[PDB]
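Engineer: Chains as they are written, first to last, in the authors' numbering: chain A, 6 to 449; chain B, 6 to 449.
2 protein chains.
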Amino acid sequence: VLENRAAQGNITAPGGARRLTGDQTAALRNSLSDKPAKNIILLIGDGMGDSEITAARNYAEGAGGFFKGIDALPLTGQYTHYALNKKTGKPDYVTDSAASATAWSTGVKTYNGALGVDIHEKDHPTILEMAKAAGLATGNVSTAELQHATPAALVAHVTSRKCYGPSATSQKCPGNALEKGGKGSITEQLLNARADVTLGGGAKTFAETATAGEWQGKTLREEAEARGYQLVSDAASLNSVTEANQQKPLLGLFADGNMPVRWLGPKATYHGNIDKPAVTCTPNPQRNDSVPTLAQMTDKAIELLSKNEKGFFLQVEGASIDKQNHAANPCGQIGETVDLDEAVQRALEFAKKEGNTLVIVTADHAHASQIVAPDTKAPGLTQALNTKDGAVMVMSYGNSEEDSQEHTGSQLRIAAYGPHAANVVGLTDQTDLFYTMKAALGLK
Amino acid sequence: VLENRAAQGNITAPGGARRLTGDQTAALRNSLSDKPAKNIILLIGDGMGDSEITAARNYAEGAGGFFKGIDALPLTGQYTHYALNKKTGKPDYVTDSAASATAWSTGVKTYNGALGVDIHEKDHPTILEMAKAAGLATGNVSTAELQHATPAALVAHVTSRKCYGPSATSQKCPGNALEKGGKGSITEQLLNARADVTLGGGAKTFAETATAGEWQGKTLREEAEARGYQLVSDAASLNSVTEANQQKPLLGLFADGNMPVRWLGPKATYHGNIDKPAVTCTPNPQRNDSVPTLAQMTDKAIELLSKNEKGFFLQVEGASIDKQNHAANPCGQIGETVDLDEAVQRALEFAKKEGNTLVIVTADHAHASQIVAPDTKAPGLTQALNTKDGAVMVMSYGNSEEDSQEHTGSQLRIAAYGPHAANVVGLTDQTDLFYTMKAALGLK
Ligand SMILES: [Zn+2]
Ligand SMILES: [Zn+2]
Ligand SMILES: [Zn+2]
Ligand SMILES: [Zn+2]
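(1) Mind checking B:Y275: buried by the 16 CB within 10 Å criterion, or exposed?
(2) Does the distance between the C-beta of A:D280 and the nearest non-hydrogen atom of ligand 4 fall short of 6 Å?
(3) If you compare alpha carbons, which of B:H425, B:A396, B:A427 and B:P96 is closest to A:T93?
(4) With distance defined between alpha-carbon atoms, name the residue in A:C336, A:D380, A:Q221 and A:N313 nearest to A:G140.
(5) For the stretch 140-160 of chain A against the stretch 296-316 of chain A, do three or more pairs of beta-carbon atoms, one drawn from each stretch, fall closer than 8 Å, so that the two count as touching?
(6) State yes or no: is the beta carbon of B:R166 nearer than 7 Å to at least one beta carbon in chain A?
(7) Enumerated in chain order, which unbroken segments of the beta strand (DSSP E) with a length of 3 residues or greater are wholly contained in the stretch 350-401 of chain B?
(8) For A:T85, which residues from the same chain have a beta carbon less than 6 Å from its beta carbon, with the 5 sequence-adjacent residues on both sides left out?
(9) Which residue wins for smallest C-alpha separation from B:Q251, given the options B:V202, B:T367 and B:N263?
(10) Scan the stretch 127-146 of chain B for residues whose Cβ lies nearer than 9 Å to a Cβ of chain A and list them as they occur along the chain.
(11) Let me check understanding here. Comparing Cα to Cα, which of A:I307, A:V377, A:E228 and A:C286 lies closest to A:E341?
(12) With DSSP as the reference, identify every bridge partner of B:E322, one or two as the case may be.
(13) So is A:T342 in contact with chain B if we call contact Cβ pairs under 7 Å?
(14) Shorter than 6 Å, the distance from the beta carbon of B:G52 to the closest heavy atom of ligand 3, or not?
(15) Is the stretch 30-38 of chain A close to the stretch 293-301 of chain A, with three or more CB pairs under 8 Å?
(16) Answer yes or no: do B:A371 and A:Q29 have a C-beta to C-beta separation smaller than 7 Å?
(17) Any idea if A:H125 is buried or exposed, counting beta-carbon neighbours within 10 angstroms, 16 or more meaning buried?
(18) Just checking my contact of residue 1 of chain A with A:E322 at CB under 8 Å: how many whole Å lie between their CB atoms?
(19) Where does A:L269 fall in DSSP's three states?
(20) Does the beta carbon of A:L120 come closer than 7 Å to any beta carbon on chain B?
(21) Leaving out the 5 sequence neighbours to the left and right, which residues in its chain are closer than 8 Å to A:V284 when beta-carbon positions are compared?
(22) Given a threshold of 16 other Cβ atoms within 10 Å of its Cβ, counted over all protein chains shown, does B:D280 qualify as buried or as exposed?
(23) Say yes only if the C-beta of A:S102 is nearer than 6 Å to one or more non-hydrogen atoms of ligand 1, and no if none qualify.
(24) Could you check whether the Cβ of A:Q416 sits closer than 7 Å to any Cβ belonging to chain B?
(25) Along the chain, where does the beta strand (DSSP E) containing B:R418 start, and where does it finish?
(26) Cα-Cα, which of B:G14, B:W268 and B:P282 is closest to B:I339?
(27) Can you confirm whether B:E66, when its beta carbon is compared against all beta carbons of chain A, has any partner nearer than 7 Å?
(28) Is there contact here, the stretch 6-13 of chain A with the stretch 66-84 of chain A, by at least three beta-carbon pairs under 8 Å?
(29) Taking the CB atoms as reference points, tell me whether A:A249 and A:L309 lie closer together than 7 Å.
(30) Anything in the stretch 361-388 of chain A with a Cβ closer than 7 Å to a Cβ of chain B? List those residues in chain order, please.
(31) Compile a chain-ordered list of the residues in the stretch 190-211 of chain B whose CB is closer than 7 Å to at least one CB of chain A.
(32) According to DSSP, simplified to helix, strand and coil, what is B:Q251?
(33) Hey, is A:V246's beta-carbon within less than 7 Å of any beta-carbon in chain B?
(34) Are the C-beta atoms of A:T214 and some chain B residue less than 7 Å apart?
(35) Are the CB atoms of A:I75 and B:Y98 within a distance shorter than 7 Å?
(36) Taking B:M135 as the reference, which of B:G189, B:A119, B:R199 and B:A212 has the closest Cα?
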């Protein structure tokens, strides 16, 4: 254990690049606790593999720097996230957001595109549903649409991640279609789930009207209100909230789709590290000050949820690290990783002060981005960037000839802090995380 | 701190994919020891990042399987390995074998291509020179040429990794050239270093004659003999060795260059996963039965070295994982990872039985290979493989339009077992490893 893992001094001198100030043995032995966790905060950086963590650190903090949030969790390991082929039931080495999110929130592997159901299309309870049933307060925050697979997996059981609202569900998930006697679209099941705090984007799907049931004819936004949900649409009003519970659930819709990314930079190009000058990221001017940052949502959710005496389970997702990775946009991708680090600092500060909180930071799968040599002549999309070290770092995206770079199957880092954090060390599976949380809370 | 990390049962069923059988807390707390290490075995998988480990596991053992050696080390972490730019002294995000090997064996960062010297070209003692001085037995094994960067870094101090023997040193490392008053080429410094056990390839540089000094005119191979080295060139003779020490140092030269790779498979190609059938690796027919495997060399080295009462330091390197990665050859690369896993099992079996041995498995840097979806249309070199799961796994190499795929800068896995293993957990730097070993052995 250690809180400062930055290089000690002059990285060109003996011992200057070291991150360790002493022996971790005792410190580590002290952070090993099997006492129950009262709360759990699971932070997910979408598509944030080791490569993404390194690129952002090199850029934002420098090679020898360290993320005060992301790099500060003492217990580390690597975990696998392979999905399953629906027909064969054999492994599918590269998972999507849905199958992986389902794995950690359910404890069962599934096929790509599935939310809350195994390869047989059978429903399985998510950790959020189990926490709510035990009396704990529940939160779900993300910078993406709330209907995205990661936040949706905790509250929805759909056969296809594309079944956002009533209209998509009728054509793509008919067995789930409300009219067909199913539980409903992702959005409808989210509304039913009734988590205490739900914050993110995806307001546009709420403008759809239910095709059947008690709120038929009424838009989903209207139904939320009729059901007792407090709706907030910006930083100001969010901030104004004083409580959120089963009588007064909070629902923040901060964008029609995904919330705007924090940084602006050009898209990587073929031979860009050669033909184009080094870029320096800038703030995204299209992003309004009224739009909450992930740390803000995380912080507000912790405040409201910490009022519950039994404890709480909260999931936070920095979604656009993945989206900008697909877009081959280094600046957008790094900004979203810096953004998530902030949300991680908020969680850590709370956890260190409370003492019964298990904080976990990981990703759903690996992605395309690679850090290559400045002079690299690659076949894909590349870009040179000016880092905090005053050096150029080149990033490469070369696994797709399409407009979207692809996920990768490499095992990746999973880090934790708090009671039961030891269960994250060594090699584990994404499904283990579910059992780790279920047992830390004693949610059996 | 478990030994079996394979999926529990049916990966399609709830909990079937889990690798954990219980709670690691107690087990982990028990494997944390700060008592001094009597011995240390450092295994290096060249260019063996997390992606490489995953691809080989998926192929050789199946997605839900586990490397009995590589994946069985309980204390895990991620470490950085950026090099330095010689001019500026600023970070160079993607290191080579030379700059990284120098970092863990010396504790100082350096520029790419440097062996045993910092950016000012100043010499720094290596962990092997320090162990030998304290009376410990020393071993150095690799599947590559012994003049090659990783093994050379422990015994040579050269400004350019290209200074193999007398002839190359005169033109490329004149300040080290023996005639110019320098310490000599890599091969000459290796001969001088006099480690108890040195096994590998690179016999061809030993056919060069020294240009000055006591053994001038005499080939390097003749010099070795004149200096009291026992030369063995195949498995049978290796095996026949009964002792190796300072009076009778062992020198195994099993190949002119790098030792032959274990598996054969075709080179990945543009749209190979689409236009070509899935391949299944086979054993390399050019590889002679008389050529020792890494595990055999590792095993024999442990045997000879464990006779020293003070203890020993042994470094083992599975070098061709990297070379095949550069070559865009999945089968050669996976075979070399399986090869290394066996050497790791040997190290672990000894360590678990001896009890004062620190075993560390890591890599010098990340590489090109990525696991992508079966249908991926990538701009680079791809290939489909038939895995143990009876499923297809696609591998992609898309960071170079040249004939050699490039290294990548992503932080990677470092795993350890034994006294002082806790110093590997969390985020660390490649230079910390040096301090971890120095302190474990009390080599102050
Ligand atoms: Zn994702
Ligand atoms: Zn994605
Ligand atoms: Zn290497
Ligand atoms: Zn290499």
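For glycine and all other residues, C-beta sits at the position ideal for the given N, C-alpha and C.
Structural biologist: So, from the listed chains and residues:
(1) Numbered from its first residue, the second sequence carries residue 275 of chain B at position 270. With a 10 Å radius around the Cβ and a threshold of 16 neighbouring Cβ atoms, B:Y275 comes out exposed.
(2) For the purposes of this step, residue 280 of chain A is identified with residue 275 of the first sequence, where counting begins at 1. Flag unset: Cβ of A:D280 not near ligand 4.
(3) To locate residue 93 of chain A, count along the first sequence from 1; it is residue 88. Taking A:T93 as reference, the option from B:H425, B:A396, B:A427 and B:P96 with the minimal CA-CA separation is B:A396.
(4) Your numbering for residue 140 of chain A matches position 135 in the first sequence. Nearest C-alpha to A:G140: A:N313.
(5) They touch, by the three-pair rule.
(6) Numbered from its first residue, the second sequence carries residue 166 of chain B at position 161. No - not a single Cβ of chain A is within 7 Å of the one on B:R166.
(7) Counting only runs of 3 or more, we get 362-367, 375-377 and 386-391.
(8) Along the first sequence, one-based indexing puts residue 85 of chain A at 80. In the same chain as A:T85, and ignoring 5 residues on each side of it, the C-beta atoms closer than 6 Å to its own belong to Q416 and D434, in chain order.
(9) Counting from 1 along the second sequence, the entry for residue 251 of chain B is found at position 246. The shortest C-alpha separation from B:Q251 is found at B:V202.
(10) Cβ contacts with chain A: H129.
(11) Here residue 341 of chain A is taken as the residue at index 336 of the first sequence, counted from 1. Nearest C-alpha to A:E341: A:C286.
(12) Indexing the second sequence from 1 puts residue 322 of chain B at position 317. BP columns for B:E322 point to B:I49 and B:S147.
(13) Taking the first residue of the first sequence as 1, we reach residue 342 of chain A at position 337. No, A:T342 does not count as interfacial toward chain B.
(14) Against the second sequence, residue 52 of chain B aligns to sequence position 47. Yes, the beta carbon of B:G52 sits closer than 6 Å to at least one heavy atom of ligand 3.
(15) Under the three-pair Cβ rule at 8 Å, the stretch 30-38 of chain A does not count as touching the stretch 293-301 of chain A.
(16) To locate residue 371 of chain B, count along the second sequence from 1; it is residue 366. To locate residue 29 of chain A, count along the first sequence from 1; it is residue 24. With respect to the 7 Å criterion, B:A371 and A:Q29 are not classified as neighbours on the basis of their beta carbons.
(17) Start at 1 with the first residue of the first sequence, and residue 125 of chain A comes out as number 120. Exposed, by the Cβ-count rule.
(18) Here chain A comprises residues numbered 6 to 449, so residue 1 of chain A is not present and cannot be evaluated.
(19) Taking the first residue of the first sequence as position 1, residue 269 of chain A is located at position 264. Note: A:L269 maps to strand in three-state DSSP.
(20) What you label residue 120 of chain A is simply residue 115 of the first sequence in a count that begins at 1. Taking Cβ atoms only, chain B never reaches closer than 7 Å to A:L120, which makes this a no.
(21) As a position in the first sequence, residue 284 of chain A is number 279, starting the count at 1. Excluding its 5 nearest sequence neighbours in each direction, A:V284 has C-beta neighbours in its own chain below 8 Å: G270, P271, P335, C336, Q388, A389, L390 and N391, listed in chain order.
(22) The sequence position of residue 280 of chain B within the second sequence is 275, counting from 1. If you draw a 10 Å sphere on the C-beta of B:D280, you find fewer than 16 other C-beta atoms in it, and that means exposed.
(23) Residue 102 of chain A sits at position 97 when you count from the first residue of the first sequence. Checking the 6 Å criterion, the Cβ of A:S102 is within range of a heavy atom belonging to ligand 1.
(24) One-based indexing of the first sequence puts residue 416 of chain A at position 411. Look at A:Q416: its C-beta is under 7 Å from a C-beta on chain B.
(25) Here residue 418 of chain B refers to the residue found at position 413 of the second sequence. Annotation: the continuous beta strand (DSSP E) that includes B:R418 extends over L417 to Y422.
(26) Start at 1 with the first residue of the second sequence, and residue 339 of chain B comes out as number 334. Each of B:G14, B:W268 and B:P282 was checked against the Cα of B:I339, and the nearest Cα belongs to B:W268.
(27) Reading the second sequence from its first residue, position 61 is the one you call residue 66 of chain B. B:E66 does not count as touching chain A.
(28) With the cut-off at 8 Å, the stretch 6-13 of chain A and the stretch 66-84 of chain A touch.
(29) Taking the first residue of the first sequence as position 1, residue 249 of chain A is located at position 244. Taking the first residue of the first sequence as position 1, residue 309 of chain A is located at position 304. For A:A249 and A:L309, yes; Cβs fall inside 7 Å.
(30) Within the stretch 361-388 of chain A, the residues whose Cβ lies closer than 7 Å to any Cβ of chain B are, in chain order, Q375, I376, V377, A378, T381, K382, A383, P384 and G385.
(31) Taking 7 Å as the upper bound on Cβ-Cβ separation, chain A lies near no residue of the stretch 190-211 of chain B.
(32) One-based indexing of the second sequence puts residue 251 of chain B at position 246. Note: B:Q251 maps to coil in three-state DSSP.
(33) The residue labelled residue 246 of chain A in the question sits at position 241 within the first sequence. So no, A:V246 is outside the interface.
(34) On the first sequence, residue 214 of chain A is found 209 positions in, with the first residue counted as 1. Using a CB distance cut-off of 7 Å, A:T214 does not count as an interface residue toward chain B.
(35) Here residue 98 of chain B is taken as the residue at index 93 of the second sequence, counted from 1. Here residue 75 of chain A is taken as the residue at index 70 of the first sequence, counted from 1. The answer is no: Cβ separation not under 7 Å.
(36) Translated into positions along the second sequence, residue 135 of chain B becomes position 130. Of the listed residues, the one whose Cα sits closest to B:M135 is B:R199.
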